[PDB]
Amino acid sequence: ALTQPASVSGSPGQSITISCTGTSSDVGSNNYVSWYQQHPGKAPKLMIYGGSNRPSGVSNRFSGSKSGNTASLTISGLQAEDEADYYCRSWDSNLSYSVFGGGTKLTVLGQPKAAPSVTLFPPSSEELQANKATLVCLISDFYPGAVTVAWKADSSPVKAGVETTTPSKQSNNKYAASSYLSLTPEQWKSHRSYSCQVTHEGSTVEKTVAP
């Protein structure tokens, strides 16, 4: 298909270009090449079309170039928002077959580090009665998405019996993550207190809760 660098980096105000290089039966066979911006969990937004034209409303900081069998997207005046996956698209001369690039993960450097904001909930009464006990640890808006969770029982690593998620690029570029510790409505009562250790970089926040 079309190959583009897996990732790129850049500091605010700076500007980089993402290359999309294909063959002579596609990119090199016409001016039907476009660029899409895809922010986490959202649908792709058309940024450049027909090689260099921008859709109405797209920041002219985005420009598209094309030459030979490769296309180039250049982002200038780099802003934090610009951070997302970028895809290039090609249409054969007949407009009867299109193909996308592998996508390139752009990441804006020099972004302020934030510590996780943790919150731990104890098994609801209702659930307990339903013979189940579930601890819920919601980790919020931190940066980078480099966090590690560890659960304890009274003070001892209740490793295994948990289930954590993967950092998810929130709206405000920071990350979030859940973590659920499932256990018996007996093992919860028959134990002092359970806790959710959330270590991340230097900071290590931990919230404990008890029956």
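Just count from 1 along the sequence shown to find any residue number.
As listed in the deposited structure, the average C-alpha B-factor of 62 to 70 and of 178 to 186 is greater for 178 to 186.
Between 18 to 26 and 187 to 195, it is 187 to 195 that carries the larger average Cα temperature factor according to the deposited entry. In this entry, the residue among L109, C88, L95, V118 with the greatest C-alpha B factor is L109. Per the deposited coordinates, the residue with the largest Cα temperature factor out of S155, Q38, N31, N53 is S155.
The deposited CA B-factor of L128 belongs to the highest third of values across its chain. When the modelled residues of the chain are ordered by their C-alpha B factor, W151 lands in the highest third. Per the deposited record, the Cα B-factor of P167 falls in the middle third when ranked against the other modelled residues of its chain.
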